Amino acid sequence: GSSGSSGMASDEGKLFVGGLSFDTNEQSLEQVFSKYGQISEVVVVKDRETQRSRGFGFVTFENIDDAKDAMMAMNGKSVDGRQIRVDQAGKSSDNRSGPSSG
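Residues numbered from 1 in each chain as written, not as in the entry; some residues may be left out. Heavy atoms only, no water.

Participant: Help me out: how do you make sense of the packing of helix α1 (residues 26-36) against helix α2 (residues 64-74) in this one?
Facilitator: Angle between the axes and distance between the axes: these two values describe a pair of packed helices. Taken N-terminus to C-terminus, the directions of α1 and α2 make an angle of 100°; their axes are 9 Å apart at the nearest point. The angle between α1 and α2 places the two elements in the roughly perpendicular class. Mapping the contact onto sequence places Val32, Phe33 and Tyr36 in α1 and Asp69, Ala70, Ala73 and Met74 in α2. (Axes fitted to C-alpha atoms, helices over the stretch in contact; angles between N-to-C directions. Helix = DSSP H or I, 4+ residues; strand = E, 2+ residues; numbered from the N terminus. Parallel < 35°, antiparallel > 145°, perpendicular 65-115°, else oblique. Contact = heavy atoms within 4.5 Å.)

What follows is the structure in structure tokens.
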């Protein structure tokens with residue numbers, strides 16, 4: 001097929017990584033994404049029964065450019081001899097509030 005406008009440019013900060021090796025943990029990822037740029041936090045989705053690892057995760061970056069900066073690097077990279085991919089994940093979070101005065 002042939003696409004016209006090749007460019008989303010709608011990064012929010014979170015990245016969508018898939019095909020992560022079981023070994024790949026919240027730390028490993030960071031250790032890598034850290035060499036590319038700054039990181040805010042990591043999130044490795046897991047099952048509810050075995051609670052091991054679904055097979056994908058997401059690393060939150062301070063700002064937008066911060067993430068996209070690393071995406072252009074990981075996007076189609078090999079972490080420890082793998083073939084995972086990286087691209088704009090999107091925006092997914094739940095509201096939350098906390099006390100101030102006590």
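So, next bit.
Participant: Even after reading the chapter, I still don't get α2, so can you show me in this structure?
Facilitator: An α-helix turns once per 3.6 residues; consequently, residues spaced three or four apart project the same way. Turning to α2, its buried residues number three or more, namely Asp66, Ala67, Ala70, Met71, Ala73 and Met74. Looking down the long axis of α2, one finds its buried residues gathered within 160° of arc, a one-sided arrangement. Exposed residues on α2 whose side chains face more than 90 degrees from its buried face are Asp65 and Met72. For α2, the elements touching its buried residues are β1 (14-18), α1 and β4 (85-90). One or two residues past the end of α2 sits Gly76, with phi positive at roughly 90°. (Buried < 20%, exposed > 50% of the residue type's maximum accessible area, 1.4 Å probe, protein only. Arc of directions from axis to C-beta.)

Participant: Where do I start with the UniProt feature "domain: RRM" in the protein in this structure?
Facilitator: With numbering matched to this structure, UniProt assigns "domain: RRM" to residues 13-91. Between the C-alpha atoms that bound residues 13-91 the distance is 8 Å, and the span itself is 28% helix and 25% strand. (UniProt positions renumbered as here; feature names shortened; annotations may be inferred.)

Participant: Please clarify how the pattern of salt bridges should be interpreted in this entry.
Facilitator: As a working rule, side chains carrying opposite charge can pair if their charged atoms are close by. Tallied over the entire structure, the rule returns two salt bridges. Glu26 is the partner of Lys46 in a salt bridge, and the nearest nitrogen-oxygen pair spans 3.8 Å. In this pair, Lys46 is assigned in the loop between β2 (41-44) and β3 (56-60) and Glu26 in helix α1, connecting sequence segments 20 residues apart. On the accessibility criterion, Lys46 (37% relative accessible area) is partly exposed. The exposure class of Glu26 is partly exposed, given its relative accessible area of 32%. One salt bridge in this structure joins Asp47 and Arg54, with 2.7 Å as the shortest N-O distance. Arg54 gets classed as partly exposed once you look at its relative accessible area, which sits at 46%. (Salt bridge = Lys/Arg side-chain N within 4 Å of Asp/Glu carboxyl O.)

Participant: I tried to follow α1 on my own but got confused; where do I start?
Facilitator: Residues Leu29, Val32 and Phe33 constitute the buried set of α1. Viewed end-on, α1 has its buried residues packed into an arc of 90°, placing them on one side of the element. Turned more than 90 degrees from where α1 packs its buried face, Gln27, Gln31 and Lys35 sit exposed. Its buried side turned inward, α1 meets β1, β2, β3, α2 and β4.

Participant: Any chance you could explain the pairing of β3 here in plain terms?
Facilitator: Note on strand geometry: in a regular strand, side chains alternate between the two faces of the sheet. As paired strands, β1 and β3 are joined by two bridges and run antiparallel to one another. Bridging from a neighbouring strand, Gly18 pairs with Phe56 of β3. Bridge count between β2 and β3: four bridges; the pairing is antiparallel. Counted as the bridge partner of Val42 is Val59 from β3. (Pairing = 2+ DSSP bridges.)

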